[PDB]
Amino acid sequence: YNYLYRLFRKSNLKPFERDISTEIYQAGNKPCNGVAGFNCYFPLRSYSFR
Amino acid sequence: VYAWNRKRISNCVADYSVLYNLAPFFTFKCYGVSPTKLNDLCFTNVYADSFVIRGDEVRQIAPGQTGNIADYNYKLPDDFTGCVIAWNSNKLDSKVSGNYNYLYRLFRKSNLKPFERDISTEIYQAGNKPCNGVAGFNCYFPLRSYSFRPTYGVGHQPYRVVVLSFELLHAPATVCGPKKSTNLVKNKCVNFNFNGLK
Amino acid sequence: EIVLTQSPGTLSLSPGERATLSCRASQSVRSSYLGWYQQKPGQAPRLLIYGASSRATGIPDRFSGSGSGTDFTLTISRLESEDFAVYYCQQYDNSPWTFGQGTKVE
Amino acid sequence: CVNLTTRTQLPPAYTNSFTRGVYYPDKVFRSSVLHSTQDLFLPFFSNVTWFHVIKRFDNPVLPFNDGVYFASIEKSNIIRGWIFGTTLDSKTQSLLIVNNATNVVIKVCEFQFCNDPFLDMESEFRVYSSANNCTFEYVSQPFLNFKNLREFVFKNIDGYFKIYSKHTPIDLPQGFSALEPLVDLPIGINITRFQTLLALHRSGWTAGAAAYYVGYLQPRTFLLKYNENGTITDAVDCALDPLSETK
Amino acid sequence: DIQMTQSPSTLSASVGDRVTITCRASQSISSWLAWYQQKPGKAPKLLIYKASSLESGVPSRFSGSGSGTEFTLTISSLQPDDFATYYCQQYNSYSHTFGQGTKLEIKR
Amino acid sequence: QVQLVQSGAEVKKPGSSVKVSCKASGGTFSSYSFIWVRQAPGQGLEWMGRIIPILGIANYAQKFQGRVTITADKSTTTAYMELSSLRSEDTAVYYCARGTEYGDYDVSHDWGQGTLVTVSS
Amino acid sequence: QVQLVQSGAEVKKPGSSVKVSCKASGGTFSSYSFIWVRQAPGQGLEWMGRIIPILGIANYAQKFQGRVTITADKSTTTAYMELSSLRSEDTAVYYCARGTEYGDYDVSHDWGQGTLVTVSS
Amino acid sequence: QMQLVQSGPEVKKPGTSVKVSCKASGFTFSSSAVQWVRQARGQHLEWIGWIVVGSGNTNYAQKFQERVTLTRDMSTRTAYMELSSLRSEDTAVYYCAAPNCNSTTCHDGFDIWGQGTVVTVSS
Ligand SMILES: *[C@@H]1O[C@H](CO)[C@@H](O)[C@H](O)[C@H]1NC(C)=O
Ligand SMILES: *[C@@H]1O[C@H](CO)[C@@H](O)[C@H](O)[C@H]1NC(C)=O
Ligand SMILES: *[C@@H]1O[C@H](CO)[C@@H](O)[C@H](O)[C@H]1NC(C)=O
């Protein structure tokens with residue numbers, strides 16, 4: 001589980017850019033305010049390699 | 001679950017935002033597609049499957065999984081694209097005496113191929129002695145009842161599961177998400193889009 | 001609901017000869033739903049004949065059942081010092097399962 | 001299904017197409033511009049088959065090729081609909097277009113069509129015996145001295161079904177009239193043959209006076225003249241006559 | 001055991017009128033409920049189960065509304081064949097108890 | 001769809017056990033649950049027992065323990081109920097009901113015509 | 001940089017449950033993995049489970065399934081371990097360990113002082 | 001290796017309850033079945049009941065149906081039986097027997113047996 005990857009981001013990455021932000025993603029209208037609940041998904045997932 | 005419902009969706013418009021209003025906390029696992037980007041690219045036909053499964057057995061509804069529900073009642077192909085929705089429905093599918101309307105197959109000769117239905121009720125002869133349809137030894141009924149009760153734990157509570165599957169065919173897409181609109185400006189040099197017209 | 005009479009209660013034979021065991025049921029019982037058990041004094045029983053004609057794994061060839069209609073019989077084609085013990089037979093039908101009285105061989 | 005043996009066998013007659021069968025190529029609007037387009041059209045002054053129904057009963061299995069122009073002079077709405085498919089059986093997929101007294105129905109199913117399908121108040125629909133696999137449905141408004149002249153153009157391109165239509169109140173009359181788009185359908189099937197349907201008034205049954213014509217399209221280039229309102233007023237076939245070629 | 005009551009016990013209505021009958025339980029019974037009608041001397045027939053689901057073959061006029069401990073059956077346009085005895089049946093937990101039986105009659 | 005046939009009128013002395021049959025024909029038998037309801041002449045209805053033969057769950061009323069048992073036979077596709085130690089207040093019309101897995105087993109989709117049972121001297 | 005603080009020693013009856021708290025201070029709490037180790041008074045170390053808070057997956061040992069539960073709290077940056085159905089041999093030293101994202105999640109980088117929990121009458 | 005290991009002998013008093021379990025290992029215990037029988041010293045065998053390991057369905061003897069229960073745990077692959085209303089005539093050796101299975105085809109009849117537990121009820 002040590003290898004992760006970003007799945008949700010507000011905008012596209014310009015070439016040769018690093019983005020290590022771990023803030024919650026707001027895919028809806030209501031603010032997340034720091035909870036990964038309704039319409040609020042954590043932007044990093046895991047490569048469960050086996 | 002063993003007699004899972006199959007529904008076909010065609011010639012309509014899909015708003016997936018309403019899907020998120022079911023429960024404050026529920027799983028929205030998606031395979032091969034980001035859920036937040038389901039409103040832009042779009043396919044031909046949509047297949048929806050709904051049933052009720054145990055709380056701790058919701059993990060078996062996934063490609064490449066194995067267990068009881070995976071290979072005996074509902075099998076998901078490895079090359080599957082779509083999303084799985086499951087939410088707790090204890091307040092609606094529970095009986096204090098005990099619910100028994102939900103049945104699941106327990107005995108079968110072999111596994112189940114992906115998207116396969118087995119509704120047979122023949123007795124399962126586990127051993128070599130042919131019982132010819134009597135629940136003796138090595139002869140047990142394949143179907144068992146889910147004794148749902150509101151006093152059970154979260155691991156035994158009934159979860160309603162809905163799975164949506166998508167595919168691409170050479171026929172044009174018809175079932176998809178809504179499009180956007182932004183008022184109308186007059187006498188002002190502005191970039192515009194009109195159904196793909198730059 | 002199922003009665004399996006056993007007779008004789010006692011048996012008196014010497015090794016090197018052939019003995020007979022009979023479990024006579026009172027009603028009709030299918031051949032695939034009965035079993036024969038033998039236990040040494042103080043030991044747990046072991047399965048000997050299932051299906052009224054087939055031996056179990058490790059059963060010596062000296063034992064050969066008959067498997068009649070409703071009156072099962074087991075004729076010991078060759079006796080050994082180990083075979084001197086008590087024998088019980090059980091019915092496996094849908095009725096409540098009953099055991100025989102028990103046959104002792106000297 | 002009912003087998004009909006009351007047919008009177010006559011050869012299909014012929015007549016002249018004149019300058020009929022021109023439709024709007026696309027959705028764009030042009031005014032006071034002469035435009036040259038290459039598309040499937042009906043050649044001018046060409047043979048067009050003639051069919052009579054009256055005890056004439058003509059329901060032959062005509063081929064589709066790359067298109068068809070279906071004109072039908074009629075009254076009291078004798079013609080009702082059509083059938084499209086490959087073998088017209090449950091073995092392959094088939095399409096059906098009808099218009100009963102209520103509305104217009106379109107289906108894409110594996111119908112088992114009768115050998116002699118027709119319509120027979122009219123509430124006896126002997127068209128098919130079963131519908132096994134239905135993959136598309138659609139409902140819309142009805143399309144509808146001889147007075148009715150109805151012109152239709154059916155095209156099947158890259159799995160898309162196109163229908164153009166025109167109705168004008170008056171052999172084929174002489175004149176010019178464009179055909180406007182009616183319905184676009186994403187069927188995605190291959191069609192090589194088609195059949196027509198009639199409504200028979202039971203009195204057993206009587207066949208009214210009607211006659212319809214069938215023309216075929218092949219690619220060629222036309223020169224269309226749009227007026228200032230965007231209405232097509234005249235056209236020139238670029239491969240018919242040397243004078244037309246010069247024009 | 002769950003003790004429920006159907007009220008009113010006696011109702012008088014005419015053809016084409018709108019009528020409703022209440023049915024309340026002692027404690028919560030969720031929404032697992034059934035309704036039945038009985039012609040005089042004839043066998044009962046099921047109308048609505050789960051208090052919302054309408055049985056096939058029953059006219060759509062009959063409507064059930066309620067969530068828990070309070071359930072009602074509403075009739076929009078009454079007909080002379082609707083005069084019968086109405087019974088509830090809660091079947092959440094064992095010991096399923098029915099109602100007193102609401103009989104609907106005409107106004108003499 | 002499914003028709004139900006019950007037994008006839010039963011007149012007997014209180015000191016015996018009465019067995020009532022119920023035949024259901026139509027559709028798959030293994031998906032049916034049998035329910036029995038009492039209907040007294042001077043009051044409403046009362047439930048005593050429910051049985052699921054394919055799953056073998058029998059649940060009787062609290063006041064009918066040790067008095068009544070419900071069984072069924074898949075060969076004859078029939079349901080059976082026997083009530084023992086009858087009292088004078090047990091006279092009523094007995095209703096046989098059927099429940100469907102597609103839907104609810106506890107609800108009664110089909111009802112029988114009923115059997116009238118009376119006990120006296 | 002990062003230090004671990006555990007609770008004090010516990011003495012509990014066999015028929016009870018034990019909760020152990022573990023506080024981590026230093027760095028970011030989102031990229032931390034928590035692992036618990038048990039050490040017998042006279043024997044070696046024993047692993048039961050590993051918990052990830054950031055991805056929300058949990059796992060426990062085969063012989064502690066259904067009896068142990070590890071939870072992580074974001075507000076106060078603590079890890080809680082709950083064990084039920086205690087027994088006489090459960091008396092041992094419980095260790096709280098932490099791992100980093102850059103390092104292996106399954107390995108333990110930092111360790112706490114440990115809590116000595118004893119079971120007796 | 002196929003084996004049935006049972007607990008040790010227990011001694012109780014009248015009016016109390018008795019709990020005994022036997023562990024099954026070395027085969028497919030998910031499709032087997034277990035029966036319980038009792039036998040006094042010098043007496044014939046008597047059947048009590050049986051339970052399906054994967055179903056939980058039970059079938060008891062007519063005599064003891066009111067004072068026997070059967071419980072199994074899939075996690076520990078163990079079969080449990082409990083007898084209530086202990087009497088002075090309940091002193092017998094209890095056995096548990098299961099057929100053989102290979103996860104594909106199960107053996108017909110109960111072949112292997114446990115060691116047995118001697119229970120004495122006295123005051
Ligand atoms: C129509 O066909 C007939 C015979 O098939 C032919 O004589 C006639 O010239 C054709 N019409 C035209 C306009 O070519
Ligand atoms: C119709 O089209 C399909 C593919 O679109 C083709 O396989 C088939 O051969 C065609 N029919 C005929 C008669 O050629
Ligand atoms: C074009 O439309 C205008 C107004 O609708 C009308 O006055 C004019 O006659 C039309 N032109 C033609 C050629 O029909």
# chains A, B, ... in the order shown; residues from 1 in each chain; ligands from 1

call {"tool": "residues_near_ligand", "arguments": {"ligand": "ligand 3", "cutoff": "8 Å", "atoms": "only C-alpha atoms and all ligand atoms", "output": "count of residues only"}}
result
4

call {"tool": "residues_around", "arguments": {"residues": "residue 76 (chain F)", "least_positions_apart": "6", "cutoff": "12 Å", "atoms": "only C-alpha atoms", "output": "list in words"}}
result
residues 21, 22, 23, 24, 25 and 29 of chain F

call {"tool": "write_last_selection", "arguments": {"atoms": "N, CA and C atoms", "output": "tab-separated table (two decimals), in the first residue's frame"}}
result
chain	number	residue	atom	x	y	z
F	21	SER	N	-57.64	-30.38	6.27
F	21	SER	CA	-56.77	-30.39	5.10
F	21	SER	C	-56.99	-29.14	4.26
F	22	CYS	N	-56.01	-28.86	3.40
F	22	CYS	CA	-56.08	-27.70	2.50
F	22	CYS	C	-55.21	-27.99	1.29
F	23	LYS	N	-55.81	-27.97	0.11
F	23	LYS	CA	-55.14	-28.30	-1.14
F	23	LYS	C	-54.96	-27.04	-1.98
F	24	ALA	N	-53.74	-26.80	-2.43
F	24	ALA	CA	-53.41	-25.66	-3.28
F	24	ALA	C	-52.78	-26.17	-4.56
F	25	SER	N	-53.32	-25.74	-5.70
F	25	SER	CA	-52.84	-26.17	-7.01
F	25	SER	C	-52.60	-24.95	-7.89
F	29	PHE	N	-44.91	-25.31	-6.07
F	29	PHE	CA	-45.36	-25.60	-4.71
F	29	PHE	C	-44.31	-25.22	-3.67

call {"tool": "residues_near_ligand", "arguments": {"ligand": "ligand 2", "cutoff": "12 Å", "atoms": "only C-alpha atoms and all ligand atoms", "output": "ChimeraX atom specification"}}
result
/B:170-171 /D:63-65,85-87,92-94,156-160,187-193

call {"tool": "residues_near_ligand", "arguments": {"ligand": "ligand 1", "cutoff": "8 Å", "atoms": "only C-alpha atoms and all ligand atoms", "output": "MDAnalysis selection string"}}
result
chainID D and resid 14:17 45:48

call {"tool": "residues_around", "arguments": {"residues": "region 32-36 of chain E", "least_positions_apart": "2", "cutoff": "9 Å", "atoms": "only C-alpha atoms", "output": "tab-separated table (two decimals) with N, CA, C and O atoms, in the first residue's frame"}}
result
chain	number	residue	atom	x	y	z
B	92	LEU	N	-35.99	-0.85	6.93
B	92	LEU	CA	-36.98	-1.20	5.93
B	92	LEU	C	-37.11	-2.70	5.66
B	92	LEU	O	-38.16	-3.13	5.18
B	95	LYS	N	-37.47	-7.70	10.51
B	95	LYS	CA	-38.60	-8.18	11.28
B	95	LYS	C	-38.13	-8.58	12.67
B	95	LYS	O	-37.11	-9.26	12.81
E	29	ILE	N	-44.49	-0.73	14.76
E	29	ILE	CA	-44.55	-2.00	14.04
E	29	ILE	C	-43.90	-1.82	12.68
E	29	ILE	O	-44.14	-2.60	11.75
E	30	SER	N	-43.06	-0.79	12.56
E	30	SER	CA	-42.41	-0.41	11.30
E	30	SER	C	-43.51	-0.13	10.29
E	30	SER	O	-44.50	0.54	10.64
E	38	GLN	N	-63.83	-8.09	3.57
E	38	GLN	CA	-64.62	-9.31	3.69
E	38	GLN	C	-66.07	-9.02	3.34
E	38	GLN	O	-66.73	-8.23	4.02
E	44	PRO	N	-62.06	-13.54	2.97
E	44	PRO	CA	-61.35	-12.26	2.90
E	44	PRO	C	-60.46	-12.19	1.67
E	44	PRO	O	-60.03	-13.21	1.12
E	45	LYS	N	-60.18	-10.96	1.24
E	45	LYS	CA	-59.30	-10.70	0.12
E	45	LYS	C	-58.29	-9.62	0.49
E	45	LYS	O	-58.64	-8.63	1.14
E	46	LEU	N	-57.04	-9.82	0.08
E	46	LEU	CA	-55.98	-8.87	0.37
E	46	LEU	C	-56.05	-7.69	-0.59
E	46	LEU	O	-56.29	-7.85	-1.79
E	47	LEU	N	-55.84	-6.48	-0.05
E	47	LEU	CA	-55.85	-5.26	-0.85
E	47	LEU	C	-54.47	-4.62	-0.92
E	47	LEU	O	-53.94	-4.41	-2.02
E	48	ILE	N	-53.88	-4.29	0.22
E	48	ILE	CA	-52.59	-3.60	0.27
E	48	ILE	C	-51.73	-4.25	1.34
E	48	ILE	O	-52.15	-4.37	2.49
E	49	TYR	N	-50.52	-4.65	0.95
E	49	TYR	CA	-49.51	-5.12	1.89
E	49	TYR	C	-48.38	-4.10	1.93
E	49	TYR	O	-48.21	-3.29	1.01
E	50	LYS	N	-47.61	-4.14	3.02
E	50	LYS	CA	-46.58	-3.15	3.33
E	50	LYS	C	-47.16	-1.75	3.50
E	50	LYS	O	-46.40	-0.77	3.54
E	51	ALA	N	-48.49	-1.63	3.58
E	51	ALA	CA	-49.21	-0.39	3.82
E	51	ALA	C	-49.09	0.58	2.64
E	51	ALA	O	-49.70	1.66	2.66
E	52	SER	N	-48.32	0.22	1.62
E	52	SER	CA	-48.18	1.07	0.44
E	52	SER	C	-48.34	0.29	-0.85
E	52	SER	O	-48.82	0.83	-1.85
E	64	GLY	N	-53.14	3.34	0.57
E	64	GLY	CA	-52.68	3.26	1.94
E	64	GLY	C	-51.58	4.27	2.20
E	64	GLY	O	-50.68	4.45	1.38
E	68	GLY	N	-45.56	4.43	10.61
E	68	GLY	CA	-45.53	3.55	11.76
E	68	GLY	C	-46.45	4.01	12.87
E	68	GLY	O	-46.55	5.22	13.13
E	71	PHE	N	-51.77	4.16	10.45
E	71	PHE	CA	-51.97	3.75	9.07
E	71	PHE	C	-53.42	3.99	8.67
E	71	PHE	O	-54.34	3.75	9.46
E	73	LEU	N	-56.35	3.84	5.24
E	73	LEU	CA	-56.74	3.42	3.90
E	73	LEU	C	-57.79	4.40	3.39
E	73	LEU	O	-58.80	4.63	4.06
E	85	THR	N	-66.33	-5.45	5.32
E	85	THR	CA	-65.66	-5.31	6.61
E	85	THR	C	-64.15	-5.27	6.38
E	85	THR	O	-63.60	-6.16	5.73
E	86	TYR	N	-63.50	-4.24	6.92
E	86	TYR	CA	-62.09	-3.99	6.68
E	86	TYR	C	-61.28	-4.38	7.91
E	86	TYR	O	-61.60	-3.96	9.02
E	87	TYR	N	-60.23	-5.17	7.70
E	87	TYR	CA	-59.37	-5.66	8.77
E	87	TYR	C	-57.92	-5.30	8.48
E	87	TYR	O	-57.46	-5.40	7.34
E	88	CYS	N	-57.20	-4.88	9.52
E	88	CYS	CA	-55.76	-4.71	9.44
E	88	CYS	C	-55.07	-6.00	9.87
E	88	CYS	O	-55.69	-6.92	10.41
E	89	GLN	N	-53.76	-6.07	9.60
E	89	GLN	CA	-52.96	-7.18	10.10
E	89	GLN	C	-51.51	-6.72	10.21
E	89	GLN	O	-50.82	-6.59	9.19
E	90	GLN	N	-51.06	-6.47	11.44
E	90	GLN	CA	-49.64	-6.27	11.70
E	90	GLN	C	-48.96	-7.62	11.84
E	90	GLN	O	-49.49	-8.54	12.47
E	91	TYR	N	-47.78	-7.75	11.23
E	91	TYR	CA	-47.03	-8.99	11.27
E	91	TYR	C	-45.55	-8.74	11.49
E	91	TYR	O	-44.69	-9.56	11.15
E	92	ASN	N	-45.22	-7.60	12.10
E	92	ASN	CA	-43.90	-7.35	12.64
E	92	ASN	C	-43.86	-7.96	14.04
E	92	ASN	O	-44.73	-7.68	14.86
F	107	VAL	N	-48.11	-12.54	4.48
F	107	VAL	CA	-49.40	-12.08	3.98
F	107	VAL	C	-50.12	-13.22	3.28
F	107	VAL	O	-49.52	-14.22	2.86
F	108	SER	N	-51.43	-13.08	3.16
F	108	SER	CA	-52.29	-14.09	2.54
F	108	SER	C	-52.71	-13.58	1.17
F	108	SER	O	-53.54	-12.67	1.06

call {"tool": "residues_around", "arguments": {"residues": "residue 73 (chain B)", "least_positions_apart": "2", "cutoff": "12 Å", "atoms": "only C-alpha atoms", "output": "MDAnalysis selection string"}}
result
chainID B and resid 1:5 51:53 57 60:61 66:71 75:76 103:108 110:120 142:143

call {"tool": "write_last_selection", "arguments": {"atoms": "N, CA and C atoms", "output": "CSV table (one decimal), in the first residue's frame"}}
result
chain,number,residue,atom,x,y,z
B,1,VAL,N,-30.8,-12.3,-3.8
B,1,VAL,CA,-29.5,-12.2,-4.3
B,1,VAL,C,-29.3,-13.3,-5.4
B,2,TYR,N,-29.7,-14.5,-5.1
B,2,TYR,CA,-29.5,-15.6,-6.1
B,2,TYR,C,-30.3,-15.4,-7.4
B,3,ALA,N,-31.6,-14.9,-7.2
B,3,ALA,CA,-32.4,-14.5,-8.3
B,3,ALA,C,-32.3,-12.9,-8.5
B,4,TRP,N,-31.1,-12.5,-8.8
B,4,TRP,CA,-30.9,-11.0,-8.9
B,4,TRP,C,-31.7,-10.4,-10.1
B,5,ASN,N,-32.2,-9.2,-9.9
B,5,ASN,CA,-33.0,-8.6,-10.9
B,5,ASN,C,-32.0,-7.9,-11.9
B,51,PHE,N,-30.3,-6.2,-5.3
B,51,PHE,CA,-30.6,-7.3,-4.4
B,51,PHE,C,-30.3,-6.8,-3.0
B,52,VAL,N,-30.4,-7.8,-2.0
B,52,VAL,CA,-30.1,-7.5,-0.6
B,52,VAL,C,-29.1,-8.6,-0.1
B,53,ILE,N,-28.0,-8.1,0.5
B,53,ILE,CA,-26.9,-9.0,1.0
B,53,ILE,C,-26.6,-8.6,2.4
B,57,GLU,N,-20.8,-9.4,3.9
B,57,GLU,CA,-20.6,-10.0,2.6
B,57,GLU,C,-20.6,-9.0,1.5
B,60,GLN,N,-17.7,-9.0,-1.0
B,60,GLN,CA,-17.6,-10.0,-2.1
B,60,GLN,C,-18.1,-9.5,-3.4
B,61,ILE,N,-18.8,-8.4,-3.4
B,61,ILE,CA,-19.4,-7.8,-4.7
B,61,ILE,C,-18.3,-6.9,-5.2
B,66,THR,N,-13.8,-13.8,-4.3
B,66,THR,CA,-14.2,-15.2,-4.1
B,66,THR,C,-14.8,-15.3,-2.7
B,67,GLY,N,-15.7,-16.4,-2.6
B,67,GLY,CA,-16.4,-16.6,-1.3
B,67,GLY,C,-17.6,-17.4,-1.6
B,68,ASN,N,-18.7,-17.0,-0.9
B,68,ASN,CA,-20.0,-17.6,-1.1
B,68,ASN,C,-20.9,-16.9,-2.1
B,69,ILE,N,-21.0,-15.6,-1.9
B,69,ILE,CA,-21.9,-14.8,-2.8
B,69,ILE,C,-21.2,-14.7,-4.2
B,70,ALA,N,-19.8,-14.7,-4.2
B,70,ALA,CA,-19.1,-14.4,-5.4
B,70,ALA,C,-19.3,-15.4,-6.5
B,71,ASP,N,-19.2,-16.7,-6.1
B,71,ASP,CA,-19.2,-17.8,-7.1
B,71,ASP,C,-20.5,-18.6,-7.1
B,75,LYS,N,-21.8,-13.3,-9.8
B,75,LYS,CA,-20.4,-13.3,-10.2
B,75,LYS,C,-20.1,-12.1,-11.1
B,76,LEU,N,-19.0,-11.3,-10.7
B,76,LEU,CA,-18.6,-10.1,-11.4
B,76,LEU,C,-17.4,-10.4,-12.2
B,103,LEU,N,-33.6,-15.2,0.2
B,103,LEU,CA,-33.0,-16.5,0.1
B,103,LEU,C,-31.6,-16.4,-0.7
B,104,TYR,N,-30.7,-17.3,-0.3
B,104,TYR,CA,-29.4,-17.4,-1.0
B,104,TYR,C,-29.0,-18.8,-1.2
B,105,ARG,N,-28.5,-19.1,-2.4
B,105,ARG,CA,-28.0,-20.5,-2.7
B,105,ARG,C,-26.8,-20.8,-1.9
B,106,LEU,N,-26.7,-22.0,-1.3
B,106,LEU,CA,-25.6,-22.4,-0.5
B,106,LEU,C,-24.8,-23.6,-1.1
B,107,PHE,N,-25.5,-24.5,-1.8
B,107,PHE,CA,-24.9,-25.7,-2.4
B,107,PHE,C,-25.1,-25.6,-3.9
B,108,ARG,N,-24.0,-25.9,-4.6
B,108,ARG,CA,-24.0,-25.9,-6.1
B,108,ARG,C,-22.8,-26.8,-6.5
B,110,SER,N,-20.8,-26.5,-9.2
B,110,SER,CA,-19.6,-25.7,-9.6
B,110,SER,C,-19.9,-24.2,-9.3
B,111,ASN,N,-19.0,-23.4,-9.8
B,111,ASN,CA,-19.1,-21.9,-9.6
B,111,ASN,C,-20.1,-21.3,-10.6
B,112,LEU,N,-20.1,-20.0,-10.6
B,112,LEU,CA,-21.0,-19.3,-11.5
B,112,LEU,C,-20.1,-18.4,-12.4
B,113,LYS,N,-20.4,-18.5,-13.7
B,113,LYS,CA,-19.8,-17.6,-14.7
B,113,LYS,C,-20.3,-16.2,-14.5
B,114,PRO,N,-19.5,-15.1,-14.9
B,114,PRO,CA,-20.0,-13.8,-14.8
B,114,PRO,C,-21.3,-13.5,-15.4
B,115,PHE,N,-22.2,-12.8,-14.7
B,115,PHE,CA,-23.5,-12.4,-15.2
B,115,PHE,C,-24.3,-13.7,-15.6
B,116,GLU,N,-24.4,-14.6,-14.6
B,116,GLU,CA,-25.1,-15.8,-14.8
B,116,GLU,C,-26.2,-16.0,-13.6
B,117,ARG,N,-27.3,-16.6,-14.0
B,117,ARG,CA,-28.4,-16.7,-13.0
B,117,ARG,C,-28.7,-18.2,-12.9
B,118,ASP,N,-28.9,-18.7,-11.6
B,118,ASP,CA,-29.2,-20.1,-11.3
B,118,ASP,C,-30.4,-20.1,-10.4
B,119,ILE,N,-31.6,-20.4,-10.9
B,119,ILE,CA,-32.8,-20.4,-10.2
B,119,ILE,C,-33.3,-21.8,-9.9
B,120,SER,N,-32.5,-22.8,-10.1
B,120,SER,CA,-32.9,-24.2,-9.9
B,120,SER,C,-33.1,-24.5,-8.4
B,142,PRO,N,-30.3,-26.3,-1.4
B,142,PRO,CA,-29.3,-25.3,-1.7
B,142,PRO,C,-29.6,-23.9,-1.2
B,143,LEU,N,-30.9,-23.6,-1.0
B,143,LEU,CA,-31.3,-22.3,-0.6
B,143,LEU,C,-31.5,-22.2,0.9

call {"tool": "residues_around", "arguments": {"residues": "residue 98 (chain C)", "least_positions_apart": "4", "cutoff": "7 Å", "atoms": "only C-alpha atoms", "output": "PyMOL selection string"}}
result
(chain C and resi 2+90-91) or (chain H and resi 46-47)

call {"tool": "interface_residues", "arguments": {"of": "chain A", "to": "chain G", "cutoff": "10 Å", "atoms": "only C-alpha atoms", "output": "list in words"}}
result
residues 1, 2, 3, 4, 22, 42, 44, 45 and 46 of chain A

call {"tool": "interface_residues", "arguments": {"of": "chain H", "to": "chain C", "cutoff": "10 Å", "atoms": "only C-alpha atoms", "output": "list in words"}}
result
residues 41, 42, 43, 44, 45, 46, 47, 48, 49, 59, 60, 61, 62, 93, 94, 95, 96, 97, 99, 107, 108, 109, 110, 111, 112, 113, 114, 115 and 116 of chain H

call {"tool": "atom_distance", "arguments": {"atom1": "CA of residue 100 (chain E)", "atom2": "CA of residue 111 (chain F)"}}
result
19.4 Å

call {"tool": "select_by_dssp", "arguments": {"residues": "region 53-198 of chain B", "states": "alpha helix (DSSP H)", "output": "ChimeraX atom specification"}}
result
/B:69-72

call {"tool": "interface_residues", "arguments": {"of": "chain B", "to": "chain E", "cutoff": "10 Å", "atoms": "only C-alpha atoms", "output": "NGL selection string"}}
result
:B and (91-99 or 149)

call {"tool": "write_last_selection", "arguments": {"atoms": "C-alpha atoms", "output": "PDB file, in the first residue's frame"}}
result
ATOM      1  CA  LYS B  91     -35.206   0.210   9.008  1.00  0.00           C
ATOM      2  CA  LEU B  92     -36.984  -1.204   5.930  1.00  0.00           C
ATOM      3  CA  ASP B  93     -36.065  -4.915   5.618  1.00  0.00           C
ATOM      4  CA  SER B  94     -36.147  -6.140   9.219  1.00  0.00           C
ATOM      5  CA  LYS B  95     -38.602  -8.183  11.279  1.00  0.00           C
ATOM      6  CA  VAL B  96     -38.521  -8.531  15.060  1.00  0.00           C
ATOM      7  CA  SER B  97     -39.737 -12.107  14.639  1.00  0.00           C
ATOM      8  CA  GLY B  98     -37.329 -12.450  11.720  1.00  0.00           C
ATOM      9  CA  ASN B  99     -37.442 -11.764   7.992  1.00  0.00           C
ATOM     10  CA  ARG B 149     -33.807  -8.996  12.721  1.00  0.00           C
TER      11      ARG B 149
END

call {"tool": "residues_around", "arguments": {"residues": "residue 9 (chain H)", "least_positions_apart": "6", "cutoff": "9 Å", "atoms": "only C-alpha atoms", "output": "number ranges by chain"}}
result
H: 20, 93, 116-120
